[PDB]
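Written below as structure tokens is the structure these notes are about.
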Amino acid sequence: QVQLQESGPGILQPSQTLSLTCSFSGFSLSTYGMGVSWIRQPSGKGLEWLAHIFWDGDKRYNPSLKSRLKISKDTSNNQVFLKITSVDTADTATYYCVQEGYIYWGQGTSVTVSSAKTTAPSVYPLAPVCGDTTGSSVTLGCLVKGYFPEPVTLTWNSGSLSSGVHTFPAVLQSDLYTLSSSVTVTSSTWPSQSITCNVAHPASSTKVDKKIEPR
Amino acid sequence: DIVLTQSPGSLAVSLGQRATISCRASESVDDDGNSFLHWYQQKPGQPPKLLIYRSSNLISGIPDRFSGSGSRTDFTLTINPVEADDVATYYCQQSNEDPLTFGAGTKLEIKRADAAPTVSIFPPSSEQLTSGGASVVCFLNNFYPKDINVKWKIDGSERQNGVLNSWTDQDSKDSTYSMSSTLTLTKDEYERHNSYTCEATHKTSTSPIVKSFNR
């Protein structure tokens with residue numbers, strides 16, 4: 001009904017300014033009581049409110065960050081903007097543009113801040129230490145190490161094997177992300193037919209497949 | 001600030017029963033006429049779907065199994081009946097006074113029978129050692145509840161720097177969780193020791209489930 005779309009930069013390094021943009025249709029920043037908010041959710045956690053601009057030009061800020069924030073509205077273009085000056089690693093979040101503070105949330109836009117630069121990963125195989133016959137089970141793994149930026153697309157046997165896969169989340173260790181997946185299949189399955197980890201990193205056009213082979 | 005204490009932090013429900021999340025505020029969020037507390041649902045990955053606004057008003061399309069109630073300081077969301085697609089984090093948010101503050105969340109997880117973890121350790125791959133790197137992954141798959149402790153032991157000692165832990169969300173086929181713990185060392189270091197142990201401590205057992213290797 002209303003359309004709220006947020007546009008912003010992909011990756012920003014530290015030191016810089018983040019310029020976000022809310023474009024709204026449906027409502028006027030003229031209406032009595034009207035306004036827009038910016039809210040952000042840090043990567044894996046709570047939602048935090050950043051700033052709020054009103055119809056009457058009045059602006060309201062998050063008392064901790066107000067020293068690095070400025071909301072402005074282009075009512076001729078139907079845009080409001082937020083500018084955070086001096087981004088460091090902790091403003092990695094998803095910024096959402098939100099009508100009168102709660103009623104209509106747009107989609108979000110994901111900002112990553114990092115010195116780091118596009119490094120393709122390393123696919124390392126993990127085949128069993130094993131102590132067989134304590135199950136007719138077997139788990140295998142594939143650790144993807146050192147890549148940037150997110151994302152990677154991991155499969156097993158080129159997505160032929162999908163049940164009893166567990167792909168863990170990417171955790172950025174020293175500027176750089178890591179990620180593992182376990183696949184767990186029955187003993188009749190491996191080594192009888194082969195298992196292959198598939199990783200591809202579209203931010204580098206890295207496509208690797210590592211056969212999991214017995215030790 | 002108005003501070004909203006959501007409670008409980010987590011809620012384990014069987015499918016088909018009702019659920020009650022309450023959210024308490026330090027001061028009234030009312031106009032001594034209407035009440036500004038609002039309820040959000042967030043399945044991981046999605047943005048926050050608003051469910052109920054101004055204490056009781058249910059958003060369009062939102063299934064009338066969600067009911068909102070309350071004023072001034074104390075509010076309650078009821079999900080009745082809890083269907084399988086309701087598993088998420090819920091937030092309450094006042095927008096009465098700025099700063100607009102959010103509640104910390106409650107995670108509604110499905111309940112199941114206790115399940116201990118199938119742990120596995122995997123030595124570093126030859127490839128990683130070739131690089132002078134040494135990671136030791138221990139995947140501790142499929143368990144219920146979520147509460148678990150990971151201890152790494154190198155030669156009878158607890159080494160706990162270099163440890164990366166990551167966990168999955170609740171498996172929607174068997175309402176289980178899973179975690180990978182990774183110990184990272186350097187080849188120099190790894191070649192200087194023999195036993196590597198991870199020991200997953202968890203309710204379903206009386207003694208640390210211990211999984212280790214020598215060389």
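Just remember, in the structure tokens the first chain shown is A, the second B, etc., residues are 1-based per chain, and ligands are 1-based in the order shown.
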
Counting only C-alpha atoms, give me one row per residue of region 122-212 of chain A with an atom at most 9 Å from an atom of region 152-164 of chain B, showing the shortest contact pair and its distance in Å to one decimal, sorted by chain then residue number, as a Markdown table.
| residue | atom | partner | partner_atom | distance |
| --- | --- | --- | --- | --- |
| A:171 | CA | B:164 | CA | 7.7 |
| A:173 | CA | B:164 | CA | 7.9 |
| A:178 | CA | B:164 | CA | 9.0 |

Using only C-alpha atoms, what table do you get, as a Markdown table, when you list each residue of region 22-138 of chain B with an atom no more than 12 Å from region 90-102 of chain A, its nearest pair of atoms, and their distance in Å rounded to one decimal, rows by chain then rising number?
| residue | atom | partner | partner_atom | distance |
| --- | --- | --- | --- | --- |
| B:36 | CA | A:102 | CA | 9.7 |
| B:37 | CA | A:102 | CA | 9.7 |
| B:38 | CA | A:102 | CA | 7.6 |
| B:39 | CA | A:102 | CA | 9.6 |
| B:40 | CA | A:102 | CA | 9.8 |
| B:45 | CA | A:94 | CA | 10.8 |
| B:46 | CA | A:94 | CA | 11.1 |
| B:47 | CA | A:96 | CA | 8.7 |
| B:48 | CA | A:96 | CA | 9.8 |
| B:49 | CA | A:102 | CA | 10.4 |
| B:50 | CA | A:102 | CA | 7.8 |
| B:51 | CA | A:102 | CA | 10.7 |
| B:52 | CA | A:102 | CA | 10.2 |
| B:53 | CA | A:102 | CA | 7.9 |
| B:54 | CA | A:102 | CA | 9.5 |
| B:59 | CA | A:102 | CA | 11.7 |
| B:92 | CA | A:102 | CA | 10.9 |
| B:93 | CA | A:102 | CA | 8.5 |
| B:94 | CA | A:102 | CA | 9.2 |
| B:95 | CA | A:101 | CA | 6.8 |
| B:96 | CA | A:101 | CA | 9.7 |
| B:97 | CA | A:101 | CA | 10.9 |
| B:98 | CA | A:101 | CA | 10.0 |
| B:99 | CA | A:101 | CA | 10.5 |
| B:100 | CA | A:101 | CA | 8.0 |
| B:101 | CA | A:101 | CA | 10.7 |
| B:102 | CA | A:102 | CA | 11.0 |

Could you write those residues out with N, CA and C atoms, as a PDB file, in the first residue's frame?
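Output contents, as saved in selection_19.pdb:
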ATOM      1  N   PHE B  36       0.432   2.277  23.632  1.00  0.00           N
ATOM      2  CA  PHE B  36       1.407   2.132  22.599  1.00  0.00           C
ATOM      3  C   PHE B  36       2.368   1.023  22.810  1.00  0.00           C
ATOM      4  N   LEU B  37       1.947  -0.221  22.979  1.00  0.00           N
ATOM      5  CA  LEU B  37       2.963  -1.259  23.045  1.00  0.00           C
ATOM      6  C   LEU B  37       2.756  -2.097  21.796  1.00  0.00           C
ATOM      7  N   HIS B  38       3.725  -2.687  21.071  1.00  0.00           N
ATOM      8  CA  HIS B  38       3.457  -3.403  19.829  1.00  0.00           C
ATOM      9  C   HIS B  38       4.246  -4.688  19.809  1.00  0.00           C
ATOM     10  N   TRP B  39       3.710  -5.691  19.142  1.00  0.00           N
ATOM     11  CA  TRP B  39       4.272  -7.023  19.164  1.00  0.00           C
ATOM     12  C   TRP B  39       4.754  -7.412  17.791  1.00  0.00           C
ATOM     13  N   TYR B  40       5.970  -7.954  17.760  1.00  0.00           N
ATOM     14  CA  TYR B  40       6.725  -8.406  16.601  1.00  0.00           C
ATOM     15  C   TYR B  40       7.003  -9.899  16.709  1.00  0.00           C
ATOM     16  N   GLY B  45      16.253 -14.624   9.799  1.00  0.00           N
ATOM     17  CA  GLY B  45      16.392 -14.279   8.396  1.00  0.00           C
ATOM     18  C   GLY B  45      15.343 -13.236   8.032  1.00  0.00           C
ATOM     19  N   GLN B  46      14.069 -13.454   8.394  1.00  0.00           N
ATOM     20  CA  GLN B  46      13.044 -12.465   8.106  1.00  0.00           C
ATOM     21  C   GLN B  46      13.379 -11.234   8.951  1.00  0.00           C
ATOM     22  N   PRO B  47      13.036 -10.113   8.417  1.00  0.00           N
ATOM     23  CA  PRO B  47      12.579  -8.951   9.149  1.00  0.00           C
ATOM     24  C   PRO B  47      11.391  -9.085  10.093  1.00  0.00           C
ATOM     25  N   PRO B  48      11.261  -8.151  10.995  1.00  0.00           N
ATOM     26  CA  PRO B  48      10.264  -8.269  11.986  1.00  0.00           C
ATOM     27  C   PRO B  48       8.917  -8.103  11.340  1.00  0.00           C
ATOM     28  N   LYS B  49       8.093  -9.135  11.480  1.00  0.00           N
ATOM     29  CA  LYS B  49       6.705  -8.935  11.083  1.00  0.00           C
ATOM     30  C   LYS B  49       5.883  -8.312  12.224  1.00  0.00           C
ATOM     31  N   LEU B  50       5.349  -7.105  12.116  1.00  0.00           N
ATOM     32  CA  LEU B  50       4.460  -6.576  13.149  1.00  0.00           C
ATOM     33  C   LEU B  50       3.233  -7.478  13.248  1.00  0.00           C
ATOM     34  N   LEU B  51       2.767  -7.827  14.427  1.00  0.00           N
ATOM     35  CA  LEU B  51       1.624  -8.723  14.562  1.00  0.00           C
ATOM     36  C   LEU B  51       0.482  -7.965  15.136  1.00  0.00           C
ATOM     37  N   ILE B  52       0.720  -7.103  16.095  1.00  0.00           N
ATOM     38  CA  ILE B  52      -0.309  -6.482  16.853  1.00  0.00           C
ATOM     39  C   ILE B  52       0.249  -5.108  17.089  1.00  0.00           C
ATOM     40  N   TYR B  53      -0.548  -4.029  16.955  1.00  0.00           N
ATOM     41  CA  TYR B  53      -0.087  -2.730  17.333  1.00  0.00           C
ATOM     42  C   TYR B  53      -1.115  -2.068  18.233  1.00  0.00           C
ATOM     43  N   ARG B  54      -0.604  -1.053  18.941  1.00  0.00           N
ATOM     44  CA  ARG B  54      -1.305  -0.394  20.023  1.00  0.00           C
ATOM     45  C   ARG B  54      -2.141  -1.311  20.922  1.00  0.00           C
ATOM     46  N   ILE B  59      -2.877  -6.771  13.081  1.00  0.00           N
ATOM     47  CA  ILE B  59      -2.628  -6.440  11.693  1.00  0.00           C
ATOM     48  C   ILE B  59      -3.403  -7.440  10.823  1.00  0.00           C
ATOM     49  N   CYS B  92       8.468  -6.949  22.095  1.00  0.00           N
ATOM     50  CA  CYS B  92       7.463  -5.966  22.415  1.00  0.00           C
ATOM     51  C   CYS B  92       8.169  -4.677  22.213  1.00  0.00           C
ATOM     52  N   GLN B  93       7.514  -3.569  21.976  1.00  0.00           N
ATOM     53  CA  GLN B  93       8.193  -2.311  21.745  1.00  0.00           C
ATOM     54  C   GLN B  93       7.287  -1.166  22.189  1.00  0.00           C
ATOM     55  N   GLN B  94       7.640  -0.149  22.938  1.00  0.00           N
ATOM     56  CA  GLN B  94       6.733   0.925  23.328  1.00  0.00           C
ATOM     57  C   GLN B  94       7.048   1.937  22.314  1.00  0.00           C
ATOM     58  N   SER B  95       6.214   2.859  21.950  1.00  0.00           N
ATOM     59  CA  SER B  95       6.609   3.932  21.034  1.00  0.00           C
ATOM     60  C   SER B  95       5.872   5.151  21.534  1.00  0.00           C
ATOM     61  N   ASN B  96       5.714   5.118  22.849  1.00  0.00           N
ATOM     62  CA  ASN B  96       4.907   6.115  23.409  1.00  0.00           C
ATOM     63  C   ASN B  96       5.736   7.371  23.597  1.00  0.00           C
ATOM     64  N   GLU B  97       6.932   7.155  24.205  1.00  0.00           N
ATOM     65  CA  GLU B  97       7.907   8.187  24.573  1.00  0.00           C
ATOM     66  C   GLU B  97       9.170   7.824  23.814  1.00  0.00           C
ATOM     67  N   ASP B  98       9.931   8.791  23.368  1.00  0.00           N
ATOM     68  CA  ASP B  98      11.217   8.504  22.810  1.00  0.00           C
ATOM     69  C   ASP B  98      12.215   8.620  23.971  1.00  0.00           C
ATOM     70  N   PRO B  99      13.314   7.897  23.904  1.00  0.00           N
ATOM     71  CA  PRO B  99      13.560   6.825  22.945  1.00  0.00           C
ATOM     72  C   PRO B  99      12.664   5.583  23.005  1.00  0.00           C
ATOM     73  N   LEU B 100      12.221   5.214  21.796  1.00  0.00           N
ATOM     74  CA  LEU B 100      11.431   4.023  21.546  1.00  0.00           C
ATOM     75  C   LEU B 100      12.426   2.903  21.788  1.00  0.00           C
ATOM     76  N   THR B 101      12.092   2.112  22.789  1.00  0.00           N
ATOM     77  CA  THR B 101      12.867   1.004  23.303  1.00  0.00           C
ATOM     78  C   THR B 101      12.109  -0.296  22.942  1.00  0.00           C
ATOM     79  N   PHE B 102      12.811  -1.423  22.778  1.00  0.00           N
ATOM     80  CA  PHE B 102      12.302  -2.720  22.413  1.00  0.00           C
ATOM     81  C   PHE B 102      12.584  -3.674  23.564  1.00  0.00           C
TER      82      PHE B 102
END

**OP:** Check every residue of chain A for an atom within 7 Å of chain B, counting only C-alpha atoms, and provide those that qualify as number ranges by chain.
**Re:** A: 46-47, 49, 62, 101, 107, 124-129, 168-169

Original post:
Which neighbours of residue 86 (chain A) fall inside 7 Å, counting only C-alpha atoms, when residues of the same chain fewer than 3 positions from it are skipped, and could you give them as a PyMOL selection string?
Top reply: chain A and resi 14-17

For the residues selected in the previous step, produce a file with N, CA, C and O atoms as a compact mmCIF listing (two decimals), in the first residue's frame.
# COMPACT_ATOMS: atom_id res chain seq x y z
N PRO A 14 35.87 1.02 7.59
CA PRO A 14 35.78 1.85 8.76
C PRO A 14 35.95 3.30 8.41
O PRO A 14 35.84 3.66 7.23
N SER A 15 36.16 4.17 9.40
CA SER A 15 36.43 5.60 9.20
C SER A 15 35.36 6.44 8.47
O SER A 15 35.18 7.60 8.83
N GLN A 16 34.56 5.89 7.52
CA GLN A 16 33.58 6.53 6.67
C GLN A 16 32.21 6.88 7.20
O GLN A 16 31.87 6.73 8.37
N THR A 17 31.39 7.38 6.30
CA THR A 17 30.06 7.78 6.65
C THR A 17 29.21 6.82 5.88
O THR A 17 29.64 6.33 4.81

Subject >> Nearby residues (only C-alpha atoms) at most 6 Å from region 18-30 of chain B, same-chain spacing under 3 positions excluded, as a PyMOL selection string >> reply: chain B and resi 2-7+34-36+72-82+96

**OP:** Would you return as a ChimeraX atom specification the members of region 29-159 of chain A that DSSP assigns to strand (DSSP E) on this structure's backbone?
**Re:** /A:35-42,48-54,59-61,69-74,79-84,93-99,109-113,122-126,139-147,153-156

**OP:** Record the distance separating CA of residue 213 (chain A) and CA of residue 190 (chain B), expressed in Å with one decimal.
**Re:** 22.2 Å

**OP:** Determine which residues of chain B DSSP labels as alpha helix (DSSP H) from the backbone of this structure, then write them out as a VMD selection string.
**Re:** chain B and resid 126 to 130 187 to 190

Any chance you could export the current selection's C-alpha atoms as a PDB file, in the first residue's frame?
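Final file, out-v1.pdb:
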ATOM      1  CA  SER B 126      46.679 -33.049   5.821  1.00  0.00           C
ATOM      2  CA  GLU B 127      45.956 -30.049   3.586  1.00  0.00           C
ATOM      3  CA  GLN B 128      45.589 -27.673   6.503  1.00  0.00           C
ATOM      4  CA  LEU B 129      48.771 -29.059   8.129  1.00  0.00           C
ATOM      5  CA  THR B 130      50.511 -28.525   4.797  1.00  0.00           C
ATOM      6  CA  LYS B 187      51.055 -26.666  13.104  1.00  0.00           C
ATOM      7  CA  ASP B 188      54.084 -25.995  15.379  1.00  0.00           C
ATOM      8  CA  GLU B 189      51.719 -26.119  18.287  1.00  0.00           C
ATOM      9  CA  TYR B 190      49.615 -28.932  17.139  1.00  0.00           C
TER      10      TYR B 190
END

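Comparing the minimum interatomic distances between residue 115 (chain A) and each of A:199, A:36, A:11, A:4, counting only C-alpha atoms, we find that A:11 sits nearest.
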
Subject >> CA of residue 31 (chain B) to CA of residue 57 (chain B), straight-line distance in Å >> reply: 15.8 Å

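Among the candidates B:43, B:106, B:151, B:90, the residue lying nearest to residue 66 (chain B) is B:90 (atoms considered: only C-alpha atoms).
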
Subject >> residue 200 (chain B) environment, 9 Å, only C-alpha atoms, sequence neighbours closer than 6 positions dropped, as number ranges by chain >> reply: B: 117, 119, 140, 148-151, 208-211

Can I get the selection written as an mmCIF file, in the first residue's frame, with N, CA and C atoms?
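Okay, result.cif is ready:
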data_model
loop_
_atom_site.group_PDB
_atom_site.id
_atom_site.type_symbol
_atom_site.label_atom_id
_atom_site.label_comp_id
_atom_site.auth_asym_id
_atom_site.auth_seq_id
_atom_site.Cartn_x
_atom_site.Cartn_y
_atom_site.Cartn_z
ATOM 1 N N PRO B 117 23.626 -35.431 22.773
ATOM 2 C CA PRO B 117 24.389 -35.184 21.542
ATOM 3 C C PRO B 117 25.264 -36.289 20.909
ATOM 4 N N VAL B 119 28.418 -36.868 19.513
ATOM 5 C CA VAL B 119 29.585 -36.040 19.313
ATOM 6 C C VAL B 119 30.505 -36.753 18.342
ATOM 7 N N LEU B 140 28.748 -31.463 17.532
ATOM 8 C CA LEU B 140 28.017 -32.149 18.566
ATOM 9 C C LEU B 140 26.524 -31.961 18.362
ATOM 10 N N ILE B 148 24.054 -26.571 26.670
ATOM 11 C CA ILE B 148 25.190 -27.475 26.610
ATOM 12 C C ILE B 148 26.553 -26.801 26.852
ATOM 13 N N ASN B 149 27.574 -27.465 27.444
ATOM 14 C CA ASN B 149 28.897 -26.835 27.620
ATOM 15 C C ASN B 149 30.051 -27.523 26.892
ATOM 16 N N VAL B 150 30.865 -26.733 26.191
ATOM 17 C CA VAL B 150 32.031 -27.225 25.487
ATOM 18 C C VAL B 150 33.379 -26.771 26.094
ATOM 19 N N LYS B 151 34.041 -27.872 26.492
ATOM 20 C CA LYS B 151 35.385 -27.886 27.005
ATOM 21 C C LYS B 151 36.305 -28.686 26.095
ATOM 22 N N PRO B 208 30.565 -35.784 31.838
ATOM 23 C CA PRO B 208 30.927 -35.121 30.570
ATOM 24 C C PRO B 208 31.023 -36.109 29.427
ATOM 25 N N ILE B 209 30.271 -36.020 28.332
ATOM 26 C CA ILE B 209 30.477 -36.958 27.233
ATOM 27 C C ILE B 209 31.810 -36.527 26.632
ATOM 28 N N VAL B 210 32.763 -37.472 26.621
ATOM 29 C CA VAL B 210 34.142 -37.195 26.243
ATOM 30 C C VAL B 210 34.485 -37.939 24.967
ATOM 31 N N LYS B 211 35.013 -37.151 24.039
ATOM 32 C CA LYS B 211 35.421 -37.643 22.746
ATOM 33 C C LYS B 211 36.820 -37.056 22.497
#
